[PDB]
Amino acid sequence: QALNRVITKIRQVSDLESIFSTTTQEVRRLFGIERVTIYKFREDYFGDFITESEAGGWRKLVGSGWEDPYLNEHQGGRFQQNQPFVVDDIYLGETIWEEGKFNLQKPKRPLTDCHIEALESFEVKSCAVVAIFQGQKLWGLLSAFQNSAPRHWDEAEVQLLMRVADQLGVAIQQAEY
Ligand SMILES: C=CC1=C(C)/C(=C/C2=NC(=C\c3[nH]c(/C=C4\NC(=O)C(C)=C4CC)c(C)c3CCC(=O)O)/C(CCC(=O)O)=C2C)NC1=O
Numbered sequence: 523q524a525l526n527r528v529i530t531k532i533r534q535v536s537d538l539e540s541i542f543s544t545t546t547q548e549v550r551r552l553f554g555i556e557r558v559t560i561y562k563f564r565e566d567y568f569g570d571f572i573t574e575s576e577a578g579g580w581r582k583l584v585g586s587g588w589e590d591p592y593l594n595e596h597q598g599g600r601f602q603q604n605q606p607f608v609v610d611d612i613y614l615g616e617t618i619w620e621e622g623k624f625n626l627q628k629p630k631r632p633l634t635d636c637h638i639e640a641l642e643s644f645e646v647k648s649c650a651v652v653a654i655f656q657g658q659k660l661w662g663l664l665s666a667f668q669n670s671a672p673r674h675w676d677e678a679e680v681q682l683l684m685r686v687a688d689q690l691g692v693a694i695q696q697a698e699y
């Protein structure tokens, strides 16, 4: 039902920029969180923030880039396999995702300190990040951020985010057509 609302809003506009803005706004409102971003990969899997919806008086990320050396060296990393990156608390680590769900038997995996520092540089304290695919080409990332506090991500939220990213990818594909 939440997904149907998002898809309805996405298809009630025509151009890709309106689709991006509506998408980030609707995801941010639905999750009641502080930032949702659409991030576009460059050819080297560095990338730039294209659209954002923020709430709570945070710095704007649109216009800025994040040049992640790991994503560059691994050409998009786990996102080439459409695995999400789910971190309730950037200081405690990621929730293990296996067979399309959380592995509740595994402890959280701490992040590398320079990754944590990059996230701090973007004012992030919690992140759920999923791939945007244009066809089978990895195009970018859809990120849900909490800035003021950790936030618990459940698997239904990550699945929703992935379905929204599917819709974004379809919109990008149709715009490129
Ligand atoms: C909105 C877009 C967005 C980006 C770009 C982003 C960055 C990311 N960097 C990652 C990994 C990632 N990143 C780094 C390290 C760094 N990263 C740096 O920027 C710097 C300076 C370092 C120090 C070398 C490392 C070592 C990893 C591997 C996993 C980890 O150690 O946490 C990951 C996990 C991907 C994976 O594990 O395969 C993401 C999602 N998160 C987002 O939401």
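Adding 522 to a residue's 1-based position in the sequence shown gives its number in PDB author numbering. Don't be surprised by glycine CBs; every beta carbon is placed ideally from N, CA and C.
Counting along the chain, the unbroken alpha helix (DSSP H) around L552 starts and ends at 538-553. The residue among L538, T530, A524 with its C-alpha nearest the C-alpha of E698 is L538. With 16 or more other Cβ atoms inside 10 Å of its own Cβ, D610 counts as buried. Short note on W588: C-beta closer than 7 Å to some heavy atom of ligand 1.
Remark: C-beta atoms of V608 and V680 approach each other more closely than 8 Å. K623 has its alpha-carbon roughly 10 Å from the corresponding atom of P606. In this structure, the straight-line span from the alpha carbon of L663 to that of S586 is close to 15 Å. A straight line joining the alpha-carbon of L660 with that of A653 spans about 7 Å.
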